[PDB]
Amino acid sequence: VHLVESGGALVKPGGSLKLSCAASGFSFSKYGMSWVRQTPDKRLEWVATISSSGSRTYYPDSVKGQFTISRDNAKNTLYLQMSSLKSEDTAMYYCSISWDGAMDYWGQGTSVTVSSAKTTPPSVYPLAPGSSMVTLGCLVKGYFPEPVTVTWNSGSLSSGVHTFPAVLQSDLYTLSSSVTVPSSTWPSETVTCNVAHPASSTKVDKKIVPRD
Amino acid sequence: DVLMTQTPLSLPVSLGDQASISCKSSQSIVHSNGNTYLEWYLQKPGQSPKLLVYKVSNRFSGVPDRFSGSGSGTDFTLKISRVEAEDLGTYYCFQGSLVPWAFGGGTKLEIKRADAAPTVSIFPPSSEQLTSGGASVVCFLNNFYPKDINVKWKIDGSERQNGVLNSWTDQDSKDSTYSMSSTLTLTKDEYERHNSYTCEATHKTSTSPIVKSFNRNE
Amino acid sequence: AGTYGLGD
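Residue numbers (the entry's author numbering), protein chains in the order written: chain H, 2 to 132, 138 to 218; chain L, 1 to 218; chain A, 15 to 22.
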């Protein structure tokens, strides 16, 4: 019972990509199969379905004539060819087999990012409050590709820390990190966010300083 | 295209409790061959969806009998007799009767806890950012429950929606609260010819909104 | 041939 997607990658708008799904643990040529994708908003969209022999193919209107599902039963592999990709095609792509239901078993998925952005370091800005506890922050703005990591005082501050999910601003990512400490901790002691953006070799420390 | 709508959006439960999720179609899912191809899928956090129920009421292999599916025509229900930790995640219904195959938008089964007002903080743009010609005003709405909330921005007393981006955390694995950030990004020009910047948080814990403000010039 | 008759 094993499904392993591959082929996901970063691809430019207008570009093409071929996804693959290697199967094992069952009679491959017996089952119809499907592709389903999950967009960043966590919605699920059925993309394509193919009969066991590859004889019959099915698509929703939105991808008809643009996507092509195929399979190689001799190699126990399912394929999805995608063309004229747009930013909205950024998603996790899952293969599955059908028997009792539409998608009895799913793979772990392969990730597709459609974007023309180039590697770009974040700008890191301190968030000091314009004001028992006190909340500080760090703004990590305009980076690509994902991900970034943020810690506070090199990891000495773990409680009361959370980092909001990145959002797309233009075609760059932005997030903030929040830290809450006792009021007697800051500004009496120093509080610094540690930002890392591996793709761009970025490591930044930003100390938070009280506002007027 | 038939539409699948799920209610509620989110269902807060305590472990031990009974749970009921609803799924409705915009038209009858009863197929001409006498079957109703209504299916339920569970997606646990960080994992792939798994089949739970097919043909309305048939449990898939391995699925424990605390799960049960029912309903007919357009109205369907998934019930859980006693919710366990492993049951937490997003439940999607699915219809296979009509072209094209369609998923419902999902229902999150999440953890119930005591109500908590958000802690609201506002942060003026850093001087360093202004050197780059940009100005992002940030508002945190932290550690609130329940998850529903809305934020309003005011510039010089007037509401502002353009340039606002929001981000929501998933339910916190430690204290089961929720948080949200709101970021209003302006040009240096826009920021420097207005002075009063306000973040307004509305949440069921209070009749009046929580207001946080600063004056740029100060 | 399965629920959706996809088994040829």
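The beta-carbon is built from N, C-alpha and C at its ideal position, and this holds for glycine as well.
Contact set for residue i: own chain, Cβ-Cβ below 6 Å, skip 5 residues either direction
i, result
"L/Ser-121", "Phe-140"
"H/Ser-52", "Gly-33"
"L/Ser-176", "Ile-111, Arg-113"
"L/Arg-216", "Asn-195"
"L/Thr-202", "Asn-150, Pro-209"
"H/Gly-55", "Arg-72"
"H/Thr-186", "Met-139, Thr-141, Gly-166"
"L/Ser-181", "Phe-140, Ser-167"
"L/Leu-184", "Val-137, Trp-153, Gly-163, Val-164"
Close beta carbons around residue i, own chain, < 7 Å, minus the five adjacent residues each side
i, result
"H/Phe-170", "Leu-181, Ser-182"
"L/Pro-8", "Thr-107"
"H/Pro-123", "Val-146, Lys-147, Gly-148, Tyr-149, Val-154, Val-201, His-203, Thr-208"
"L/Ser-20", "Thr-77, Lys-79"
"H/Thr-196", "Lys-213"
Backbone CA spacing between residue i and residue j [nearest angstrom]
i, j, result
"H/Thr-191", "L/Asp-87", "40 Å"
"H/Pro-130", "L/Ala-117", "19 Å"
"L/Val-164", "L/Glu-39", "38 Å"
"H/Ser-194", "H/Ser-160", "18 Å"
"H/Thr-69", "H/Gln-109", "21 Å"
"H/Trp-47", "H/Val-115", "19 Å"
"L/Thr-198", "L/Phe-214", "7 Å"
"L/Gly-96", "H/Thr-91", "25 Å"
"H/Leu-178", "A/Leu-20", "42 Å"
"H/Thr-50", "L/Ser-57", "24 Å"
"L/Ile-155", "L/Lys-147", "26 Å"
"A/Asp-22", "L/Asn-162", "54 Å"
"L/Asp-17", "H/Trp-100", "32 Å"
"L/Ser-132", "L/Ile-29", "56 Å"
"L/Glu-190", "L/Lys-24", "46 Å"
"H/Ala-75", "H/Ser-30", "8 Å"
"H/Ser-206", "H/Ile-214", "24 Å"
"L/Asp-75", "L/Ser-26", "10 Å"
"H/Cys-144", "L/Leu-11", "32 Å"
"H/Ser-112", "H/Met-93", "4 Å"
"H/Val-37", "L/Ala-85", "27 Å"
"L/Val-83", "L/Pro-64", "11 Å"
"H/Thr-58", "H/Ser-35", "10 Å"
"H/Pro-188", "L/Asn-143", "15 Å"
"L/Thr-187", "L/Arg-160", "14 Å"
Identity of the residues DSSP links to residue i by a beta bridge
i, result
"L/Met-4", "L/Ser-25"
"L/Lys-212", "L/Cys-199"
"L/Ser-70", "L/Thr-77"
"L/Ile-155", "L/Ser-158, L/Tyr-197"
"H/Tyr-59", "H/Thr-50"
"A/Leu-20", "Looking at the DSSP assignment, A/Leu-20 forms no beta bridge with any residue, so it has no partner."
"L/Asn-142", "L/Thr-119"
"H/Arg-38", "H/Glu-46, H/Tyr-94"
"H/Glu-152", "Per DSSP, none; premise fails for H/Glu-152."
"L/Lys-108", "L/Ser-10, L/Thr-90"
"residue 256 of chain L", "The structure shown does not extend to residue 256 of chain L, since chain L is modelled only from 1 through 218, so no value can be given for it."
"H/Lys-19", "H/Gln-82"
"H/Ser-160", "According to DSSP, H/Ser-160 bridges with nothing at all."
"H/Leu-178", "H/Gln-175"
"H/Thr-141", "H/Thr-186"
Heavy atom of the ligand GTP within 8 Å of residue i beta-carbon
i, result
"L/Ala-19", "This structure does not include the ligand GTP; it has no bound ligands of any sort."
Local Cβ density within 10 Å of residue i, reported as buried at 16 or more and exposed below that
i, result
"H/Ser-162", "exposed"
"L/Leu-3", "exposed"
"L/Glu-200", "buried"
"H/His-168", "buried"
"H/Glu-6", "buried"
"H/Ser-164", "exposed"
"H/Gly-66", "exposed"
"H/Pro-41", "exposed"
"L/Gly-69", "buried"
"H/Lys-119", "exposed"
"L/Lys-174", "exposed"
"L/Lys-204", "exposed"
"L/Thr-90", "buried"
Own chain residues within Cβ distance below 8 Å of residue i, not counting five before or after
i, result
"H/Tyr-106", "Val-2, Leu-4, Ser-97, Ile-98"
"L/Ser-206", "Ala-117"
"L/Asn-35", "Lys-55, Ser-97"
"H/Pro-14", "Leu-86, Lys-87, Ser-88, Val-115, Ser-116, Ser-117"
"L/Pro-124", "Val-137, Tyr-197, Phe-214, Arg-216"
Chain-ordered chain D contacts of residue i [CB-CB under 9 Å]
i, result
"H/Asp-62", "No chain D is part of this structure, whose protein chains are labelled H, L and A."
Compile a chain-ordered list of the residues in the stretch 159 to 177 of chain H whose CB is closer than 8 Å to at least one CB of chain L. Listed by position along the chain: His-168, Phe-170, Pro-171, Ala-172, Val-173, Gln-175.
Listed in chain order, which residues of the stretch 104 to 122 of chain L have Cβ atoms closer than 8 Å to some Cβ of chain H? For the stretch 104 to 122 of chain L, the set of positions with a beta-carbon nearer than 8 Å to some beta-carbon of chain H reads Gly-105, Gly-106, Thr-119, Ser-121, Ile-122 in chain order.
In chain order, what residues of the stretch 64 to 97 of chain L put their CB closer than 8 Å to some CB of chain H? Listed in sequence order: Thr-90, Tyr-92, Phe-94, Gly-96.
Output, in sequence order along the chain, the residues in the stretch 100 to 113 of chain H whose CB is closer than 7 Å to any CB in chain A. The stretch 100 to 113 of chain H vs chain A, Cβ under 7 Å: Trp-100, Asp-101, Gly-102, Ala-103.
Closer than 9 Å between beta carbons: that is the criterion. Which residues of the stretch 71 to 84 of chain H meet it against chain A? For the stretch 71 to 84 of chain H, which is checked against every Cβ of chain A, not one residue is closer than 9 Å.
Residues of the stretch 143 to 159 of chain L whose Cβ lies closer than 7 Å to any Cβ of chain H, in chain order: If the cut-off is 7 Å between Cβ atoms, the stretch 143 to 159 of chain L has nothing near chain H.
Below 8 Å between beta carbons is the criterion; list the residues of the stretch 3 to 21 of chain H that meet it against any residue of chain A, in chain order. Answer in chain order: no residues at all.
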